[PDB]
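**Q** The structure that follows is given in the form of structure tokens.
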Amino acid sequence: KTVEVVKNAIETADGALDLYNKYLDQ
Amino acid sequence: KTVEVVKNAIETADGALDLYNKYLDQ
Amino acid sequence: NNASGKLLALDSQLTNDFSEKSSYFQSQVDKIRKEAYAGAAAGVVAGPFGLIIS
């Protein structure tokens, strides 16, 4: 589960990076 | 779940950006 | 006499395209303004803090 929540925190920071780039490029 | 609601807020701002662009280009 | 004409021919084109790139620049700047204030427009997903930081 600790594996799973760090696994999901990775994709969390991935999507936050995606959204932050898509905002900051605009 | 906090992961999940931030995950869904990302696609929320994505679709809001899509709609806002599709409106503002018209 | 050939290059004598080539000189003037390039010169007139230079003078025209200078102002044409100037016009392109002024069309570009306000486009970038609109894009910037439009990227800053949709930052209202937060409260009043997200507005002023945008």
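How things are named: the first chain in the structure tokens is A, the next is B, and so on; residues count from 1 in each chain; ligands count from 1 in the order shown.
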Contacts from chain C to chain B, 12 Å maximum, only C-alpha atoms: show me the residue list as a VMD selection string.

**A** chain C and resid 34 to 35 38 to 46

**Q** To one decimal place, how far is atom CA of residue 54 of chain C from atom CA of residue 33 of chain C in Å?

**A**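 Interatomic distance here is 14.0 Å.
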
**Q** What is the atom CA of residue 4 of chain C-atom CA of residue 19 of chain C distance in Å, reported with one decimal?

**A**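 Result for atom CA of residue 4 of chain C versus atom CA of residue 19 of chain C: 24.1 Å, one decimal.
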
**Q** Between atom CA of residue 25 of chain C and atom CA of residue 52 of chain C, what is the distance, to one decimal in Å?

**A**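 Going from atom CA of residue 25 of chain C over to atom CA of residue 52 of chain C covers 28.9 Å.
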